[PDB]
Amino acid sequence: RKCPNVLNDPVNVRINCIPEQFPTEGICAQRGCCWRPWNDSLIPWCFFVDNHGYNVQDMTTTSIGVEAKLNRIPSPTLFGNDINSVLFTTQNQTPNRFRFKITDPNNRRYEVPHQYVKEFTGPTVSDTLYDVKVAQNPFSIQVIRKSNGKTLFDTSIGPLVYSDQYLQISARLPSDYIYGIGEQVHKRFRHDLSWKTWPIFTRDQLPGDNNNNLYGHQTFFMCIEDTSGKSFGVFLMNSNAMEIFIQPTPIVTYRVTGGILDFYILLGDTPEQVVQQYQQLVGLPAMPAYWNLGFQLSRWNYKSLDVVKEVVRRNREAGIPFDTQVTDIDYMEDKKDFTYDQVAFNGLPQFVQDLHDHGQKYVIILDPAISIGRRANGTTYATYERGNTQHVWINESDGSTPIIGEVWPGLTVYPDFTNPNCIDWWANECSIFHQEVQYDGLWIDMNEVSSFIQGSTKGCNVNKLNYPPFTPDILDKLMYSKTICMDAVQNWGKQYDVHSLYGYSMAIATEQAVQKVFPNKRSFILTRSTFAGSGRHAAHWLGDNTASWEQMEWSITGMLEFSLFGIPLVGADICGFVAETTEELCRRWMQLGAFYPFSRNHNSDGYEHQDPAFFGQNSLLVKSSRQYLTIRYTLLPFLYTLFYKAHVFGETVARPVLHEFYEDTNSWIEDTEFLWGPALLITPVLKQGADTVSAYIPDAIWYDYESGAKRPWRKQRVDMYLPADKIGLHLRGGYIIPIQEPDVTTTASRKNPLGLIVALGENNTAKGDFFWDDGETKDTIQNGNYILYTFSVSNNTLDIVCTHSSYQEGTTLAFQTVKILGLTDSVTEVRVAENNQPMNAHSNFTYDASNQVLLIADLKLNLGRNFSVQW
C-alpha cells in the first residue's frame, strides 16, 4: 500500500517524490511512491504519502532540549547514499528562539563555520513562547505558539530524507502570507504560493524576470499568522546549493545538496520583532559612517580621469548633493587590483585631493581575483608575487596547486579569504595601495565567486561534487557554472560546501583591511555576494539591473527583502545599469532613489551618461533630482537614527508597510510604496507615462511632506496625483523626526543647524528620538561616545530629553527650528525652558491656521541639554 486510503486525496498536500525530472510511472514505482497523474503539471503526479521517512529509536530530555536517535524507514533510495541512522537535537536557546538540527552521529558532516553564531550549551530557558512536539512513527516535529496553541512549523506533512547529497524536509505553515528568501527577483514582496521553486547558490547573473539564483544566499523567511501581528521566522543554517519549494496550504519544502539540517524558528509579537530576533541570532548590522548615506555617482567605464572630472564638475555646478565619486574597473591598469592606469588616470592622486578639498569621498572597486600576468611595463605584478609568497590562494583538489580561473584582467588566481594569512595579505595590499590612492571606502564586487571560464583552466574532474546526483533549479543546472570547481580547497572546506560563503568571508576580510587602513573608522564596504549575517560587515546593492520601468518597480521588493535579511544599507543602480535610460525613467528613478537607504546612480559600459547634470543644467530632471536629494540630505539625522536602531536593536530602516500596519490585511500585499522607519511614507511613480498612482493609504494621519497639510485620506486606496516633478512623501502623525539644514555634502551639512518636525497624531501626541555622534568612529556606540535624545509631545508641550551625552563636539550644534503639523489650537505664546529653569517667552513663531502648522524659528537649543517648549 503505497497510496492514500481515499481515491480523491487532497492534492495541495502532495509532496513531490520526483522533484527533479518530468514524472514517469516507472521512476515512481522504483522510488516506492504513489502514482496519480492529474489535471495539470503543477500538482505532483508522483508523491510520498508515508512511504519514506525516519522512526524515533531513542529519545531523552537534556538540560536544553531533546535528543532523539532516528532510524530510516527501509524504503527505496532517491539519489543514493542514505544515512540510515541520524541524530535529531533541539535547543531551547531563548524564549523566542528555538533550534533543531539533524546530524550524522557516525560522520562529522560539513557545518557552516559562521563567524557570529555561537556554540550554545546554556543557560537553560524556563519560560519559552514555543512548545515543541516530536512524533515518533514516523519522525516529525511540530513547533507551536504556546499562547494560542497555533502550530507554526509542522513537518508531519512529508518525509525526512537524509542522504549524503540530498536532504529534504517540508513544513506546513499556518497562513498564506510569507516573505523573504534570496537572492532572486520575486517581483512581489508577498510570496506566490502556486508551486514555485527558489534556488539558492551565490551566482553572478543579471537580475531578470525568472527564478534564477543570484548573488546572495539567504534562506530566511517570515510568515504573518494573523491580524494580531503574531509572526515567526524560519532560518536554515546551510550554505550548500539548494531549492526552496512553495505550494498551496502553504507547505515549504527544502531540497539541499549537502551539509546538515540546522533550523532556527523565531517567534515575534510583530513582523518587526521577528526580523529583530533574526539579527540577534546572525549578527546586528554594522553602523555606517554618516557619509555612506550621501548620494553617490558612478559608472562602469568613464574611460579617463578627464571624463570623471567633467562629470564631477557638471554635477557640482548643478548643485546636486553628492558625497561620493565612485570609480569602476577602468581606473586600474588593465583591470588589475591595486594598480591605477598611469595613462588614462594620470593625476588620480591629485584628483582624490580635489574631492577631499570639496568635502567629498572617493570609493574604488576591488575584485577578489588576482591576475597571473605582468604589468604594462613588463614588470612583475607585486600583488600576485606577494600572494604567492604568502600561499594565499584557493587550491585545486590536490590541495597545493592554485586553481586558475578568468575575470577582468584575464587569467586569475583566487584568494582564500577564510585563511588568516590571506586576510593579512589583503589588508596589506589595501594599505599599500592607499598610500598611492587615498580612497575612503571600498566596493567589493564579483565575489560569488565569479569566473568567465567554467570551473577552471583545466576544466573540472568528473566526480560527484562537480556533477551531483540531485541538481537544484540553479541557472545552467551546473554547479560550477560561472564559478570555480566544486572540489577546490579552502581553509573552511571544499568549494561544494563553502562556495556561498566567499562573499561573506571577503567582507569579513575587508572589514579587517579597513581597520588597518583607516584605524578606528567605519569607512565603507559595499558587497555583491552575501550570506546570513553579512549585514554585520557590509552594505549591498541589488546588482546589475536594467534601465526599464519593471526593474525599477522590482527594486522595492528587492530592498525590502534585504531589510528582512538585516542588511539595512541597500539600494539599486538608479536609472538602470544595463541599457540607455530615458529622461522620464531616470527622473522617476532619481525621485525614488533619493529614498533608497543606499543611494547611488550607476551605469553600464558604453551607454550614454546618466548622471543628473548630463540631462541639462536647467532640465526638469536636475531640478527634481536636486529637490528630492535636498530632502534626503535634510532627513539624514532621521535616517542615521534609524541606522542606530538597526545596529543596536535590529529594527528595519526601509520598512514594509506591513511592519507598521499589519492589523490591516491590505498592508500584507503592499509593495509599490515603503516606509523610512515608522514615520515616512514614500509613494513613487512606477509606470511609464503616468502622473497618477493608485496608492494604499494606511490607517494613520498623514501629512504631505512639502506643504505640511493633512491629507484627507485614511485606510483607503487613492489615485494620488504625482506630476513630472513630484514623488509621494507623507509624514505619519504621532512621530517626531530630527532634521538638519542641508548642503551638497554631508561634511558641510553636519555643521548646520538642526530642527524637529512634530507630526501630531489623533490625540495630538507624538514621540521620537535622535542619535548623534562623530559620524565615523568605529564602536562609538559600544564605548558610549554619542549623544542620545528622546522627544515627546502631548497637550502642546514638547519635551526634549537628553538621555546620553558623551560627545563634546556634538554640543556645538543646536536645534534652531521646530515645526508642528496638525496643530488645531491657536498659539498665544511660545515659551522655552532649558534644563528645568524658568520659561522665557520666545517671540519668533508663525502660526498658520489655514494649514494647521506652527513654525518656531531662531531657537538655540544646544545638544547635551534638556529643553521644554510650550505653545
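The numbering used is simple: start at 1 and walk along the sequence shown.
Mean CA B-factor, 822-830 versus 44-52: the higher value falls on 822-830.
As listed in the deposited structure, the average C-alpha B-factor of 584-592 and of 778-786 is greater for 778-786. Per the PDB entry, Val86 shows the highest C-alpha temperature factor of the residues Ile178, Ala532, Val308, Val86.
Which of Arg655, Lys196, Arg536, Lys477 has the largest Cα B-factor in the deposited entry comes down to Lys477. Sorting the modelled residues of the chain by their CA temperature factor places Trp38 in the highest third.
Ranked by Cα temperature factor within the chain, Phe674 sits in the middle third according to the deposited record.
Ranked against the other modelled residues of its chain, the C-alpha B-factor of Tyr721 as given in the entry falls in the highest third. Split the chain's modelled residues into thirds by C-alpha temperature factor. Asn466 is in the lowest one. In this PDB entry, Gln816 carries a Cα temperature factor that places it within the middle third of its chain's modelled residues.
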